$ cat run-v9.pdb   # PDB, C-alpha atoms and all ligand atoms
ATOM      1  CA  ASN A 354      50.270-117.569  77.835  1.00  0.00           C
ATOM      2  CA  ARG A 355      48.126-120.680  78.343  1.00  0.00           C
ATOM      3  CA  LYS A 356      44.922-120.935  76.291  1.00  0.00           C
ATOM      4  CA  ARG A 357      42.256-123.636  76.517  1.00  0.00           C
ATOM      5  CA  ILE A 358      41.025-125.228  73.279  1.00  0.00           C
ATOM      6  CA  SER A 359      37.709-127.071  73.370  1.00  0.00           C
ATOM      7  CA  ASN A 360      34.721-127.976  71.188  1.00  0.00           C
ATOM      8  CA  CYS A 361      36.343-127.666  67.775  1.00  0.00           C
ATOM      9  CA  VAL A 362      37.636-129.661  64.807  1.00  0.00           C
ATOM     10  CA  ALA A 363      41.428-129.788  64.416  1.00  0.00           C
ATOM     11  CA  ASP A 364      41.801-129.867  60.646  1.00  0.00           C
ATOM     12  CA  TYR A 365      45.244-128.138  60.699  1.00  0.00           C
ATOM     13  CA  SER A 366      45.353-128.165  56.874  1.00  0.00           C
ATOM     14  CA  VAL A 367      44.434-124.469  56.941  1.00  0.00           C
ATOM     15  CA  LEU A 368      47.952-123.854  58.291  1.00  0.00           C
ATOM     16  CA  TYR A 369      49.519-125.196  55.083  1.00  0.00           C
ATOM     17  CA  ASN A 370      48.513-122.124  53.071  1.00  0.00           C
ATOM     18  CA  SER A 371      50.443-119.581  55.176  1.00  0.00           C
ATOM     19  CA  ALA A 372      52.189-121.066  58.209  1.00  0.00           C
ATOM     20  CA  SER A 373      55.624-122.664  57.852  1.00  0.00           C
ATOM     21  CA  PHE A 374      57.070-124.195  61.017  1.00  0.00           C
ATOM     22  CA  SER A 375      60.804-124.471  61.623  1.00  0.00           C
ATOM     23  CA  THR A 376      60.321-127.241  64.210  1.00  0.00           C
ATOM     24  CA  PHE A 377      57.342-129.516  64.833  1.00  0.00           C
ATOM     25  CA  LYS A 378      57.956-132.427  67.223  1.00  0.00           C
ATOM     26  CA  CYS A 379      55.207-134.599  68.723  1.00  0.00           C
ATOM     27  CA  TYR A 380      55.683-136.724  71.853  1.00  0.00           C
ATOM     28  CA  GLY A 381      53.397-139.603  72.779  1.00  0.00           C
ATOM     29  CA  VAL A 382      51.677-139.636  69.373  1.00  0.00           C
ATOM     30  CA  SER A 383      52.764-140.111  65.785  1.00  0.00           C
ATOM     31  CA  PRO A 384      52.202-137.093  63.479  1.00  0.00           C
ATOM     32  CA  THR A 385      50.400-139.348  60.983  1.00  0.00           C
ATOM     33  CA  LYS A 386      47.656-140.281  63.491  1.00  0.00           C
ATOM     34  CA  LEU A 387      46.677-136.723  64.492  1.00  0.00           C
ATOM     35  CA  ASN A 388      43.851-136.710  61.926  1.00  0.00           C
ATOM     36  CA  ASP A 389      42.330-139.912  63.386  1.00  0.00           C
ATOM     37  CA  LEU A 390      42.209-138.949  67.085  1.00  0.00           C
ATOM     38  CA  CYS A 391      40.306-136.876  69.629  1.00  0.00           C
ATOM     39  CA  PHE A 392      42.084-134.925  72.364  1.00  0.00           C
ATOM     40  CA  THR A 393      40.702-134.676  75.872  1.00  0.00           C
ATOM     41  CA  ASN A 394      41.828-131.375  77.446  1.00  0.00           C
ATOM     42  CA  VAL A 395      43.925-129.288  75.065  1.00  0.00           C
ATOM     43  CA  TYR A 396      46.074-126.334  76.119  1.00  0.00           C
ATOM     44  CA  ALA A 397      48.214-124.108  73.897  1.00  0.00           C
ATOM     45  CA  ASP A 398      51.177-122.508  75.676  1.00  0.00           C
ATOM     46  CA  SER A 399      52.472-119.602  73.592  1.00  0.00           C
ATOM     47  CA  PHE A 400      55.604-117.492  73.985  1.00  0.00           C
ATOM     48  CA  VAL A 401      58.601-116.026  72.128  1.00  0.00           C
ATOM     49  CA  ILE A 402      62.232-117.048  72.658  1.00  0.00           C
TER      50      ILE A 402
ATOM     51  CA  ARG B 403      61.780-124.919  51.361  1.00  0.00           C
ATOM     52  CA  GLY B 404      64.290-124.939  54.193  1.00  0.00           C
ATOM     53  CA  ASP B 405      61.603-125.323  56.856  1.00  0.00           C
ATOM     54  CA  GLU B 406      60.255-128.435  55.078  1.00  0.00           C
ATOM     55  CA  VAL B 407      63.487-130.465  55.131  1.00  0.00           C
ATOM     56  CA  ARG B 408      62.399-131.960  58.463  1.00  0.00           C
ATOM     57  CA  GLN B 409      59.325-133.318  56.646  1.00  0.00           C
ATOM     58  CA  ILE B 410      61.516-135.585  54.461  1.00  0.00           C
ATOM     59  CA  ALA B 411      61.583-138.412  56.987  1.00  0.00           C
ATOM     60  CA  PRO B 412      59.562-141.538  57.828  1.00  0.00           C
ATOM     61  CA  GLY B 413      56.370-140.905  59.764  1.00  0.00           C
ATOM     62  CA  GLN B 414      56.094-137.157  59.118  1.00  0.00           C
ATOM     63  CA  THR B 415      53.148-134.879  58.376  1.00  0.00           C
ATOM     64  CA  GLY B 416      52.838-131.603  56.511  1.00  0.00           C
ATOM     65  CA  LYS B 417      52.122-130.423  52.977  1.00  0.00           C
ATOM     66  CA  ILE B 418      55.286-132.020  51.577  1.00  0.00           C
ATOM     67  CA  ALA B 419      54.896-135.293  53.463  1.00  0.00           C
ATOM     68  CA  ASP B 420      51.159-135.629  52.828  1.00  0.00           C
ATOM     69  CA  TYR B 421      50.647-134.237  49.308  1.00  0.00           C
ATOM     70  CA  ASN B 422      54.025-134.188  47.501  1.00  0.00           C
ATOM     71  CA  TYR B 423      56.615-136.731  48.705  1.00  0.00           C
ATOM     72  CA  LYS B 424      55.993-139.556  51.184  1.00  0.00           C
ATOM     73  CA  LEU B 425      58.553-141.950  52.697  1.00  0.00           C
ATOM     74  CA  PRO B 426      57.848-145.433  54.109  1.00  0.00           C
ATOM     75  CA  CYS B 427      58.848-146.349  57.633  1.00  0.00           C
ATOM     76  CA  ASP B 428      60.307-149.583  56.247  1.00  0.00           C
ATOM     77  CA  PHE B 429      62.707-147.228  54.464  1.00  0.00           C
ATOM     78  CA  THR B 430      66.365-148.211  54.178  1.00  0.00           C
ATOM     79  CA  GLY B 431      68.347-145.353  52.718  1.00  0.00           C
ATOM     80  CA  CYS B 432      69.795-141.908  53.254  1.00  0.00           C
ATOM     81  CA  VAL B 433      68.192-138.464  53.038  1.00  0.00           C
ATOM     82  CA  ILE B 434      70.600-135.678  52.036  1.00  0.00           C
ATOM     83  CA  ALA B 435      69.719-131.991  51.901  1.00  0.00           C
ATOM     84  CA  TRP B 436      71.763-128.859  51.305  1.00  0.00           C
ATOM     85  CA  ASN B 437      71.069-125.169  50.837  1.00  0.00           C
ATOM     86  CA  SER B 438      70.992-123.924  47.242  1.00  0.00           C
ATOM     87  CA  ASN B 439      70.162-120.244  47.679  1.00  0.00           C
ATOM     88  CA  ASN B 440      72.994-119.185  45.368  1.00  0.00           C
ATOM     89  CA  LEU B 441      71.565-121.407  42.581  1.00  0.00           C
ATOM     90  CA  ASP B 442      67.777-121.749  42.884  1.00  0.00           C
ATOM     91  CA  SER B 443      66.984-118.182  44.063  1.00  0.00           C
ATOM     92  CA  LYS B 444      67.073-115.094  41.836  1.00  0.00           C
ATOM     93  CA  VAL B 445      66.037-111.463  42.190  1.00  0.00           C
ATOM     94  CA  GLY B 446      62.299-110.899  41.879  1.00  0.00           C
ATOM     95  CA  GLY B 447      61.455-114.482  42.858  1.00  0.00           C
ATOM     96  CA  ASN B 448      62.207-117.829  41.220  1.00  0.00           C
ATOM     97  CA  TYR B 449      58.761-119.294  40.488  1.00  0.00           C
ATOM     98  CA  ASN B 450      59.903-122.389  38.559  1.00  0.00           C
ATOM     99  CA  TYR B 451      59.607-124.657  41.636  1.00  0.00           C
TER     100      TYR B 451
HETATM  101  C1  LIG A 501      45.340-123.879  68.149  1.00  0.00           C
HETATM  102  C2  LIG A 501      44.443-125.119  68.028  1.00  0.00           C
HETATM  103  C3  LIG A 501      45.321-126.385  68.063  1.00  0.00           C
HETATM  104  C4  LIG A 501      44.454-127.581  68.516  1.00  0.00           C
HETATM  105  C5  LIG A 501      44.950-128.915  67.897  1.00  0.00           C
HETATM  106  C6  LIG A 501      45.179-130.022  68.958  1.00  0.00           C
HETATM  107  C7  LIG A 501      45.729-131.209  68.648  1.00  0.00           C
HETATM  108  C8  LIG A 501      46.211-131.599  67.215  1.00  0.00           C
HETATM  109  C9  LIG A 501      47.728-131.263  67.017  1.00  0.00           C
HETATM  110  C10 LIG A 501      47.872-130.907  65.735  1.00  0.00           C
HETATM  111  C11 LIG A 501      49.222-130.523  65.086  1.00  0.00           C
HETATM  112  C12 LIG A 501      49.456-128.999  65.207  1.00  0.00           C
HETATM  113  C13 LIG A 501      49.509-128.305  63.822  1.00  0.00           C
HETATM  114  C14 LIG A 501      50.768-128.711  63.002  1.00  0.00           C
HETATM  115  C15 LIG A 501      50.536-128.501  61.482  1.00  0.00           C
HETATM  116  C16 LIG A 501      51.520-129.360  60.632  1.00  0.00           C
HETATM  117  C17 LIG A 501      52.842-128.599  60.377  1.00  0.00           C
HETATM  118  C18 LIG A 501      53.588-129.231  59.187  1.00  0.00           C
HETATM  119  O1  LIG A 501      53.301-128.889  58.007  1.00  0.00           O
HETATM  120  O2  LIG A 501      54.498-130.079  59.394  1.00  0.00           O
END

$ encode --input "run-v9.pdb" --output "structure tokens"
Amino acid sequence: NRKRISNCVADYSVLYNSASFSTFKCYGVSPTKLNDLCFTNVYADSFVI
Amino acid sequence: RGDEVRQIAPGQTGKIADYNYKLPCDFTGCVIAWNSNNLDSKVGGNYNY
């Protein structure tokens, strides 16, 4: 499932309360800079494996 | 937590990396981690950590 994300603020500190992620790997960008950037056309591809 | 061991590394983000324990990228040294379920977990929940 591909979902478009647009016109929003990506705080992603609301995920700390509940969500725990086994793997989280970022390509083309350092994880420390994600709070200081804007993203042009964002798509979330979701599935289960 | 087990899922947060990946956060103990240079240039990582997450609750542990951001708010609890942060590593430099000019970090010379070794990170070691091992499961301790038989020690640090008890019935009813170990809430000392
Ligand atoms: C569903 C909306 C997503 C839109 C965000 C778009 C770009 C920003 C990417 C942000 C990182 C994803 C969240 C990871 C949370 C940190 C996990 C951790 O504790 O290590």

$ interface_residues --input "run-v9.pdb" --of "chain B" --to "chain A" --cutoff "10 Å" --atoms "only C-alpha atoms" --output "PDB file with C-alpha atoms, in the coordinates of the input"
ATOM      1  CA  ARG B 403      61.780-124.919  51.361  1.00  0.00           C
ATOM      2  CA  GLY B 404      64.290-124.939  54.193  1.00  0.00           C
ATOM      3  CA  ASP B 405      61.603-125.323  56.856  1.00  0.00           C
ATOM      4  CA  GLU B 406      60.255-128.435  55.078  1.00  0.00           C
ATOM      5  CA  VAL B 407      63.487-130.465  55.131  1.00  0.00           C
ATOM      6  CA  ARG B 408      62.399-131.960  58.463  1.00  0.00           C
ATOM      7  CA  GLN B 409      59.325-133.318  56.646  1.00  0.00           C
ATOM      8  CA  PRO B 412      59.562-141.538  57.828  1.00  0.00           C
ATOM      9  CA  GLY B 413      56.370-140.905  59.764  1.00  0.00           C
ATOM     10  CA  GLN B 414      56.094-137.157  59.118  1.00  0.00           C
ATOM     11  CA  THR B 415      53.148-134.879  58.376  1.00  0.00           C
ATOM     12  CA  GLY B 416      52.838-131.603  56.511  1.00  0.00           C
ATOM     13  CA  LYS B 417      52.122-130.423  52.977  1.00  0.00           C
ATOM     14  CA  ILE B 418      55.286-132.020  51.577  1.00  0.00           C
ATOM     15  CA  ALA B 419      54.896-135.293  53.463  1.00  0.00           C
ATOM     16  CA  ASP B 420      51.159-135.629  52.828  1.00  0.00           C
TER      17      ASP B 420
END

$ atom_distance --input "run-v9.pdb" --atom1 "atom CA of residue B:427" --atom2 "atom CA of residue A:389"
18.6 Å

$ atom_distance --input "run-v9.pdb" --atom1 "atom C17 of ligand LIG 501 (chain A)" --atom2 "atom CA of residue B:432"
22.7 Å

$ atom_distance --input "run-v9.pdb" --atom1 "atom CA of residue B:410" --atom2 "atom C17 of ligand LIG 501 (chain A)"
12.6 Å

$ axis_aligned_box --input "run-v9.pdb" --around "ligand LIG 501 (chain A)" --padding-each-side "8 Å" --output "lines of an AutoDock Vina configuration file"
center_x = 49.5
center_y = -127.7
center_z = 63.5
size_x = 26.1
size_y = 23.7
size_z = 27.0

$ resolve_selection --input "run-v9.pdb" --expression "the PyMOL selection byres (((chain A and resi 391) around 12) and not hetatm)" --output "list in words"
residues 359, 360, 361, 362, 363, 364, 382, 386, 387, 388, 389, 390, 392, 393, 394 and 395 of chain A

$ residues_around --input "run-v9.pdb" --residues "residue A:396" --least-positions-apart "5" --cutoff "7 Å" --atoms "all atoms listed in the file" --output "PyMOL selection string"
chain A and resi 355-358

$ residues_around --input "run-v9.pdb" --residues "residue B:451" --least-positions-apart "4" --cutoff "12 Å" --atoms "only C-alpha atoms" --output "ChimeraX atom specification"
/B:403,442-443,447

$ closest_residue --input "run-v9.pdb" --among "A:402, A:397, A:371, A:381" --to "ligand LIG 501 (chain A)" --atoms "all atoms listed in the file"
A:397

$ build_atoms --input "run-v9.pdb" --residues "stretch 362-386 of chain A" --atoms "N, CA, C and O atoms" --output "PDB file, in the frame of the given file"
ATOM      1  N   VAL A 362      37.057-128.665  65.704  1.00  0.00           N
ATOM      2  CA  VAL A 362      37.636-129.661  64.807  1.00  0.00           C
ATOM      3  C   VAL A 362      39.045-129.213  64.450  1.00  0.00           C
ATOM      4  O   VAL A 362      39.246-128.086  63.981  1.00  0.00           O
ATOM      5  N   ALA A 363      40.021-130.096  64.669  1.00  0.00           N
ATOM      6  CA  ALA A 363      41.428-129.788  64.416  1.00  0.00           C
ATOM      7  C   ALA A 363      41.814-130.297  63.032  1.00  0.00           C
ATOM      8  O   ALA A 363      42.425-131.353  62.869  1.00  0.00           O
ATOM      9  N   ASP A 364      41.447-129.517  62.016  1.00  0.00           N
ATOM     10  CA  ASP A 364      41.801-129.867  60.646  1.00  0.00           C
ATOM     11  C   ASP A 364      43.296-129.694  60.409  1.00  0.00           C
ATOM     12  O   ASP A 364      43.943-130.552  59.799  1.00  0.00           O
ATOM     13  N   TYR A 365      43.836-128.548  60.828  1.00  0.00           N
ATOM     14  CA  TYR A 365      45.244-128.138  60.699  1.00  0.00           C
ATOM     15  C   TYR A 365      45.794-128.258  59.272  1.00  0.00           C
ATOM     16  O   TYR A 365      47.013-128.235  59.081  1.00  0.00           O
ATOM     17  N   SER A 366      44.936-128.353  58.255  1.00  0.00           N
ATOM     18  CA  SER A 366      45.353-128.165  56.874  1.00  0.00           C
ATOM     19  C   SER A 366      45.175-126.725  56.420  1.00  0.00           C
ATOM     20  O   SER A 366      45.641-126.370  55.333  1.00  0.00           O
ATOM     21  N   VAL A 367      44.508-125.893  57.226  1.00  0.00           N
ATOM     22  CA  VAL A 367      44.434-124.469  56.941  1.00  0.00           C
ATOM     23  C   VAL A 367      45.754-123.775  57.248  1.00  0.00           C
ATOM     24  O   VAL A 367      45.983-122.655  56.778  1.00  0.00           O
ATOM     25  N   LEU A 368      46.631-124.408  58.030  1.00  0.00           N
ATOM     26  CA  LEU A 368      47.952-123.854  58.291  1.00  0.00           C
ATOM     27  C   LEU A 368      48.922-124.068  57.139  1.00  0.00           C
ATOM     28  O   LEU A 368      49.975-123.424  57.115  1.00  0.00           O
ATOM     29  N   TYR A 369      48.603-124.950  56.190  1.00  0.00           N
ATOM     30  CA  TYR A 369      49.519-125.196  55.083  1.00  0.00           C
ATOM     31  C   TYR A 369      49.622-123.988  54.164  1.00  0.00           C
ATOM     32  O   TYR A 369      50.679-123.750  53.572  1.00  0.00           O
ATOM     33  N   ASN A 370      48.535-123.222  54.030  1.00  0.00           N
ATOM     34  CA  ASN A 370      48.513-122.124  53.071  1.00  0.00           C
ATOM     35  C   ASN A 370      49.528-121.045  53.427  1.00  0.00           C
ATOM     36  O   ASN A 370      50.227-120.530  52.547  1.00  0.00           O
ATOM     37  N   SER A 371      49.626-120.697  54.710  1.00  0.00           N
ATOM     38  CA  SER A 371      50.443-119.581  55.176  1.00  0.00           C
ATOM     39  C   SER A 371      51.553-120.011  56.120  1.00  0.00           C
ATOM     40  O   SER A 371      52.710-119.623  55.924  1.00  0.00           O
ATOM     41  N   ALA A 372      51.236-120.796  57.144  1.00  0.00           N
ATOM     42  CA  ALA A 372      52.189-121.066  58.209  1.00  0.00           C
ATOM     43  C   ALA A 372      53.242-122.067  57.751  1.00  0.00           C
ATOM     44  O   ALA A 372      52.916-123.103  57.165  1.00  0.00           O
ATOM     45  N   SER A 373      54.505-121.747  58.022  1.00  0.00           N
ATOM     46  CA  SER A 373      55.624-122.664  57.852  1.00  0.00           C
ATOM     47  C   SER A 373      56.366-122.746  59.176  1.00  0.00           C
ATOM     48  O   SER A 373      56.760-121.715  59.728  1.00  0.00           O
ATOM     49  N   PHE A 374      56.560-123.963  59.673  1.00  0.00           N
ATOM     50  CA  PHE A 374      57.070-124.195  61.017  1.00  0.00           C
ATOM     51  C   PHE A 374      58.489-124.732  60.938  1.00  0.00           C
ATOM     52  O   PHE A 374      58.740-125.750  60.284  1.00  0.00           O
ATOM     53  N   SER A 375      59.412-124.040  61.606  1.00  0.00           N
ATOM     54  CA  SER A 375      60.804-124.471  61.623  1.00  0.00           C
ATOM     55  C   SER A 375      60.959-125.811  62.329  1.00  0.00           C
ATOM     56  O   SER A 375      61.681-126.690  61.846  1.00  0.00           O
ATOM     57  N   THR A 376      60.300-125.982  63.478  1.00  0.00           N
ATOM     58  CA  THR A 376      60.321-127.241  64.210  1.00  0.00           C
ATOM     59  C   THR A 376      58.899-127.647  64.548  1.00  0.00           C
ATOM     60  O   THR A 376      58.064-126.800  64.879  1.00  0.00           O
ATOM     61  N   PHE A 377      58.641-128.951  64.478  1.00  0.00           N
ATOM     62  CA  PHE A 377      57.342-129.516  64.833  1.00  0.00           C
ATOM     63  C   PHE A 377      57.599-130.944  65.302  1.00  0.00           C
ATOM     64  O   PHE A 377      57.743-131.849  64.476  1.00  0.00           O
ATOM     65  N   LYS A 378      57.653-131.134  66.619  1.00  0.00           N
ATOM     66  CA  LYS A 378      57.956-132.427  67.223  1.00  0.00           C
ATOM     67  C   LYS A 378      56.817-132.843  68.138  1.00  0.00           C
ATOM     68  O   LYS A 378      56.422-132.079  69.020  1.00  0.00           O
ATOM     69  N   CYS A 379      56.321-134.064  67.951  1.00  0.00           N
ATOM     70  CA  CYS A 379      55.207-134.599  68.723  1.00  0.00           C
ATOM     71  C   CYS A 379      55.686-135.762  69.581  1.00  0.00           C
ATOM     72  O   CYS A 379      56.392-136.652  69.096  1.00  0.00           O
ATOM     73  N   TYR A 380      55.303-135.739  70.854  1.00  0.00           N
ATOM     74  CA  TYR A 380      55.683-136.724  71.853  1.00  0.00           C
ATOM     75  C   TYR A 380      54.428-137.453  72.304  1.00  0.00           C
ATOM     76  O   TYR A 380      53.407-136.817  72.594  1.00  0.00           O
ATOM     77  N   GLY A 381      54.510-138.778  72.366  1.00  0.00           N
ATOM     78  CA  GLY A 381      53.397-139.603  72.779  1.00  0.00           C
ATOM     79  C   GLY A 381      52.403-139.925  71.686  1.00  0.00           C
ATOM     80  O   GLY A 381      51.425-140.632  71.954  1.00  0.00           O
ATOM     81  N   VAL A 382      52.616-139.435  70.468  1.00  0.00           N
ATOM     82  CA  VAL A 382      51.677-139.636  69.373  1.00  0.00           C
ATOM     83  C   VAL A 382      52.437-139.431  68.073  1.00  0.00           C
ATOM     84  O   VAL A 382      53.284-138.540  67.970  1.00  0.00           O
ATOM     85  N   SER A 383      52.138-140.263  67.089  1.00  0.00           N
ATOM     86  CA  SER A 383      52.764-140.111  65.785  1.00  0.00           C
ATOM     87  C   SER A 383      52.096-138.970  65.012  1.00  0.00           C
ATOM     88  O   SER A 383      50.881-138.791  65.116  1.00  0.00           O
ATOM     89  N   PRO A 384      52.850-138.171  64.244  1.00  0.00           N
ATOM     90  CA  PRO A 384      52.202-137.093  63.479  1.00  0.00           C
ATOM     91  C   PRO A 384      51.192-137.587  62.461  1.00  0.00           C
ATOM     92  O   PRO A 384      50.288-136.829  62.090  1.00  0.00           O
ATOM     93  N   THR A 385      51.312-138.831  61.993  1.00  0.00           N
ATOM     94  CA  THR A 385      50.400-139.348  60.983  1.00  0.00           C
ATOM     95  C   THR A 385      49.034-139.720  61.545  1.00  0.00           C
ATOM     96  O   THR A 385      48.083-139.858  60.770  1.00  0.00           O
ATOM     97  N   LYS A 386      48.910-139.885  62.863  1.00  0.00           N
ATOM     98  CA  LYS A 386      47.656-140.281  63.491  1.00  0.00           C
ATOM     99  C   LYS A 386      46.837-139.099  63.994  1.00  0.00           C
ATOM    100  O   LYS A 386      45.711-139.304  64.456  1.00  0.00           O
TER     101      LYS A 386
END
